[PDB]
Amino acid sequence: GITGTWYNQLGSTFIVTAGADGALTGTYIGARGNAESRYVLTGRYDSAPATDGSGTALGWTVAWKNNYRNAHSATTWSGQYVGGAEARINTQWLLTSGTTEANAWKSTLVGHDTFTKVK
Amino acid sequence: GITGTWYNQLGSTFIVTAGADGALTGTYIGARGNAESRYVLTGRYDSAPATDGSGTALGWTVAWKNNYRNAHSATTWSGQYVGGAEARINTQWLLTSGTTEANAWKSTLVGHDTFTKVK
Amino acid sequence: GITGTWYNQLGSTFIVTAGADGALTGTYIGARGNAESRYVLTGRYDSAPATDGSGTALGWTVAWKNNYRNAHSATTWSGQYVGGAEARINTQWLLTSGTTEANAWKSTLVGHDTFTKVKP
Amino acid sequence: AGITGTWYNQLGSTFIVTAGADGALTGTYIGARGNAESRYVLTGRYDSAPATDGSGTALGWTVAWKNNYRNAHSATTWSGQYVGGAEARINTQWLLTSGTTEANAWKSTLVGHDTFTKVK
């Protein structure tokens, strides 16, 4: 149930394929929906989750460089998939920007996001 | 630079390869260091970093399932590689465990890890 | 504005008074709602926020010890109050438990809470 | 409780705290510069009856970055544990939230870690 298209609250889309070996691969698209707004995503997920109502643990990374732009940063999302009619991926995220050593204390933003199969 | 064998403060080993396409691929070997403790890692990095002294942003994910055990959890690391002599990768991490909706609020741990090429 | 009784999505109640000197003081009441689940809270907030439509930064702590029990843990919430129609405080939080050295890598939980003056 | 006194981080900041019998933490945070313009009030909570099995003492505290001389419209919360001994330390994780507009709330909060010791 993870393979497919997921949308967040702020306009982004990510298309992902969950491979049988635990791999997540796809593309993350920023609000602009532009070719310049498409980035590669890669991650991992628990390919044999509990069937007791627990979610399916997963994570993925996007580095914010493509052929058109580079923000010298990477985001990682860590969270869980929950299936059913109200299916959702609930995540918390870390965004790290390349900095000098003196500025390393403010290198990393933290936040959360929920994705759904419909907008 | 990034490609090689790295060690965290606690005794774990991260064997990584950085591809020209921005990809990170490798294997994580927990403190014990036997086969049952090896897990697949995948991630992404900024393959064209700034030239002004800043680090190179990167992230990766490990899902804690292999052929021998499954913890129904995944860790994502978010940070930056700082080169020179005494190369290091400084990270913050998020470990999420699959949980029921009732326990979702305690699903994610956070910490920090620093990796070096010297055990 | 910030002073009052606020509720999170999971049933808890936050009773707070915002002092003129930037002090936050109050009581946190867990979902159960009985006296065994009342805890003291203390914090700080920006008492002179920007006038450009930014939120008001704030934070507070609750150690999870009262006269009835002691979880050997403490939670800090960091966030901003956003005024308006349906006023809210958006926060992220860190809960650290006391642990030994060998287990300090799993001491700290991270999460997020949204509070409103209207109870779910 | 071992906690009262002066604590230093590696980046050059100092904090002076008093640990109250009731679980109160009160004090002053002094940034690297060292002058009055770099002094701010701190308040928090700690576990006043920690376990005796060698586990750390959970605590947290908040500073809002406003004094009489300046206002950065932000606040930090530190969540951690005190570990006693000859080389006592407070190990923490922190969140720094800045007040922002709603359109920028997604980049409102930084996370990091810091360790404080009794010797500079």
Side-chain angles (χ1 to χ4, degrees), chain A residues 21-25 28 39-50 52-67 70-82 84 86 88 90-104 107-110 112, chain B residues 21-25 28 39-66 70-82 84 88 90-105 107-110 112:
Chain A
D21 57 348
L24 292 178
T25 67
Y28 198 96
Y39 300 86
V40 178
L41 84 80
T42 187
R44 304 282 305 161
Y45 77 108
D46 180 2
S47 41
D52 64 355
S54 286
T56 296
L58 54 69
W60 76 90
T61 307
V62 173
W64 300 112
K65 172 190 194 298
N66 58 17
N67 283 1
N70 187 355
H72 305 294
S73 53
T75 300
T76 61
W77 294 255
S78 184
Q80 68 186 300
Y81 158 88
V82 174
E86 301 333 321
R88 274 144 188 57
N90 294 312
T91 66
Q92 295 196 81
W93 56 264
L94 298 168
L95 184 164
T96 293
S97 291
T99 60
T100 55
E101 275 159 352
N103 289 350
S107 66
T108 303
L109 286 168
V110 60
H112 54 103
Chain B
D21 56 342
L24 300 178
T25 53
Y28 212 89
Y39 299 85
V40 174
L41 79 91
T42 186
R44 297 295 290 170
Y45 85 107
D46 183 357
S47 57
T51 46
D52 63 1
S54 319
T56 302
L58 36 74
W60 80 85
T61 302
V62 175
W64 299 109
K65 175 218 189 306
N66 57 23
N70 187 358
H72 299 116
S73 58
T75 303
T76 65
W77 293 256
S78 181
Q80 64 185 312
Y81 159 88
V82 174
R88 48 198 54 238
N90 296 130
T91 72
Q92 293 203 82
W93 65 255
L94 295 167
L95 183 165
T96 295
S97 294
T99 65
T100 57
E101 292 168 329
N103 291 330
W105 76 266
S107 69
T108 308
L109 287 156
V110 56
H112 51 85

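Labels below follow one simple rule: chain letters A, B, ... track the order of the sequence lines, proteins then strands, and each chain is numbered from 1.
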Report task. Verify whether one side chain among B/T96 and A/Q92 offers a donor that lies under 3.5 Å from an acceptor in the other. Result -> no

**Report entry** Max heavy-atom pair count under 4.5 Å with chain A, selected residue of B/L94, B/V110, B/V62, B/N90
**Finding:** B/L94

Query raised in the report: Highest number of heavy-atom pairs under 4.5 Å with chain A: which of B/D21, B/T76, B/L41?
Result: B/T76

Query raised in the report: Which distance, rounded to the nearest 0.5 Å, do you find between the CG of B/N70 and the OG of A/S47?
Result: 7.0 Å

Requested in this report: Please look at B/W64 and chain A and tell me whether the side chain, the backbone, both or neither of the residue comes under 4.5 angstrom of a heavy atom of that chain.
Outcome: neither

Report task. Check each atom of B/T42 against the heavy atoms of chain A and say whether the ones under 4.5 Å are side chain, backbone, both or neither. Result -> both

Heavy atoms only, distances under 4.5 angstrom: which of [options] has the most pairs with chain B? Name it, please.
options	answer
A/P49, A/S73, A/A48	A/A48
A/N103, A/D52, A/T61	A/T61
A/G22, A/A23, A/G79, A/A104	A/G79
A/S78, A/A74, A/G55, A/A63	A/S78
A/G43, A/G53, A/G59, A/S97	A/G59

Query raised in the report: Side chain, backbone, both or neither: which part of A/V40 has a non-hydrogen atom closer than 4.5 Å to chain B?
Result: both

Query raised in the report: Which heavy atom of B/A57 sits nearest a heavy atom of A/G98, and at what distance?
Result: CB-N, 4.1 Å

Query raised in the report: Stepwise, does the side chain to side chain contact (heavy atoms under 4.5 Å, CB included) test hold for A/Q80 with B/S107?
Result: CA-CA 9 Å; A/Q80 68 186 300; B/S107 69; 3.6 Å; yes

